[PDB]
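All residue numbers for the sequence shown refer to full-length UniProt numbering, where the first residue is 1 and numbers rise by one.
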Amino acid sequence: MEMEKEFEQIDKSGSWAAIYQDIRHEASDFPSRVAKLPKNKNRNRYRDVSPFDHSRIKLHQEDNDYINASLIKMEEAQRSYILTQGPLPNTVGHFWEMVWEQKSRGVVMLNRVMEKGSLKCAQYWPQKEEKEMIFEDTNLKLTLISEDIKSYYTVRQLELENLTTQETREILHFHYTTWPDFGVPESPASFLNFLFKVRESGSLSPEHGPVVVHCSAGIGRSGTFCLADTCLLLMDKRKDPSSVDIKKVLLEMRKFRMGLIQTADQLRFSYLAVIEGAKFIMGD
Numbered sequence: 001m002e003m004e005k006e007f008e009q010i011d012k013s014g015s016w017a018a019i020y021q022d023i024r025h026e027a028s029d030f031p032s033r034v035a036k037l038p039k040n041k042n043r044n045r046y047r048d049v050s051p052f053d054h055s056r057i058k059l060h061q062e063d064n065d066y067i068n069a070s071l072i073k074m075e076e077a078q079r080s081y082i083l084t085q086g087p088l089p090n091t092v093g094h095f096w097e098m099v100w101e102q103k104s105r106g107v108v109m110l111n112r113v114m115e116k117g118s119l120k121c122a123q124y125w126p127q128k129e130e131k132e133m134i135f136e137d138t139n140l141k142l143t144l145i146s147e148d149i150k151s152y153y154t155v156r157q158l159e160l161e162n163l164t165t166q167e168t169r170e171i172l173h174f175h176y177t178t179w180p181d182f183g184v185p186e187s188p189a190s191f192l193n194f195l196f197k198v199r200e201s202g203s204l205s206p207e208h209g210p211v212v213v214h215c216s217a218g219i220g221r222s223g224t225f226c227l228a229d230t231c232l233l234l235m236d237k238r239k240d241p242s243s244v245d246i247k248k249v250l251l252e253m254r255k256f257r258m259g260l261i262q263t264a265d266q267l268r269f270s271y272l273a274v275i276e277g278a279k280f281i282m283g284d
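Written out as structure tokens, the structure reads:
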């Protein structure tokens, strides 16, 4: 069923809460035993948001390999993503260790450091060229190279140096700065423009490791980003674009991380973004 007609149908009958609860009922439940070990309590932001064991990213260290991060591998679309929580004061070094070890080119941030008067993640990148950051627990150096501030997003060029080997790499930081404190955006236009800027940079392409994407918990806004991207790619690849089923794609992604899409409003917004984005995919 053409999702656009599915959309109007749900909207007129006002059944978004019902659709969304069906997804919650059918979603996968896999163990998350490592996340719940006592030694990892200060590595998790939220008690009820944990990576599954089978898909968690492991840090390359013998001490403690745990980070709250998951590999979402989309086989038909040929895209992979790492979804993670916003870094905590005690996990900023782990976060950049993961970026290094997984060979990522881009980091996608969908939250502000402060929202609703409370801290939603650490200030984990440098704000001035001449004031670099050193992460002593993981032996990395991070320098701000340049910053481009636009009305709806900011893009930063960063240098990450492995101090053990003196190798350096360029990382791109894509920061969507205008998601509202409550609810979802009224129009998907600026979010889609942002997605296309990330695509154009190469950060989603198979010559690099998976993009790292986060918000505060790494499931709501972060789930909207990867769901929209994958659905649009499938519409490009298939003979019949109307065959793409957003609810089925979301359930496939929920095999790899729990809780993706946190509200019925985020589900509706994801439909809207794919419907409006398709009016470029199909050739306009």
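For each residue, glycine too, the CB sits at the ideal point set by N, CA and C.
{"Asked": "Runs of beta strand (DSSP E) wholly within the stretch 121-151 (minimum 3 residues, chain order)", "Found": "133-135, 140-149"}
{"Asked": "Bounding residues of the beta strand (DSSP E) (the contiguous stretch that carries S190)", "Found": "Where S190 is concerned, there is no enclosing beta strand (DSSP E), although the alpha helix (DSSP H) it sits in stretches over 189-200."}
{"Asked": "Endpoints, alpha helix (DSSP H) assigned at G93", "Found": "92-101"}
{"Asked": "3 or more residues per run - each beta strand (DSSP E) lying fully within the stretch 171-254", "Found": "211-214"}
{"Asked": "Proximity winner among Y176, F135, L233, relative to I149 (alpha-carbon distances)", "Found": "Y176"}
{"Asked": "Whole-angstrom distance between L83 and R43, CA atom to CA atom", "Found": "15 Å"}
{"Asked": "Secondary structure of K39, DSSP reduced to three states", "Found": "helix"}
{"Asked": "Backbone secondary structure at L160 - three-state DSSP", "Found": "strand"}
{"Asked": "Nearest residue (CA-CA) to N90, options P206, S270, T138", "Found": "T138"}
{"Asked": "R24 classed as buried or exposed, judged by whether at least 16 other C-beta atoms fall within 10 angstroms", "Found": "exposed"}
{"Asked": "Same chain, Cβ closer than 7 Å to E26, five either side skipped, listed in chain order", "Found": "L251"}
{"Asked": "Local conformation of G106 per DSSP, three classes", "Found": "strand"}
{"Asked": "Three-state class that DSSP yields for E8 in the structure shown", "Found": "helix"}
{"Asked": "Endpoints, beta strand (DSSP E) assigned at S80", "Found": "79-84"}
{"Asked": "Residue(s) in a DSSP beta bridge with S70", "Found": "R56, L83"}
{"Asked": "Chain-order list of residues whose beta-carbon lies under 8 Å from that of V198 (same chain, five-residue window excluded)", "Found": "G106, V108, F174, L204, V211"}
{"Asked": "8 Å contact criterion, which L163 and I145 should meet: CB distance rounded", "Found": "Incorrect: roughly 18 Å between the Cβ atoms, too far for contact."}
{"Asked": "Between the CA atoms of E97 and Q61 - distance to the nearest angstrom", "Found": "10 Å"}
{"Asked": "Exposed unless 16 or more other CB atoms sit within 10 angstroms - verdict on residue 288", "Found": "No answer is possible for residue 288: the residues shown for the chain start at 1 and end at 284."}
{"Asked": "Cβ-based neighbour list, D181, same chain, cut-off 8 Å, excluding 5 preceding and 5 following", "Found": "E115, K116"}
{"Asked": "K73 and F256 closer than 8 Å at C-beta", "Found": "yes"}
{"Asked": "Check whether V213 and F269 have beta carbons under 8 Å apart", "Found": "no"}
{"Asked": "Alpha-carbon spacing of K103 relative to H94, whole angstroms", "Found": "14 Å"}
{"Asked": "Bridge partner(s) assigned by DSSP for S118", "Found": "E115"}
{"Asked": "Proximal residues to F194 (C-beta, below 8 Å), its chain only, five neighbours per side dropped", "Found": "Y152, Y153, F174, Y176"}
{"Asked": "Residue from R156, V274, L110, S32 with nearest C-alpha to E6", "Found": "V274"}
{"Asked": "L260 - containing alpha helix (DSSP H), residue span", "Found": "Neither: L260 is in no alpha helix (DSSP H) and is coded neither H nor E."}
{"Asked": "Given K247 as reference, the closest of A18, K12, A35, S13 once Cα atoms are compared", "Found": "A18"}
{"Asked": "Beta-carbon gap between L232 and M253 smaller than 8 Å", "Found": "no"}
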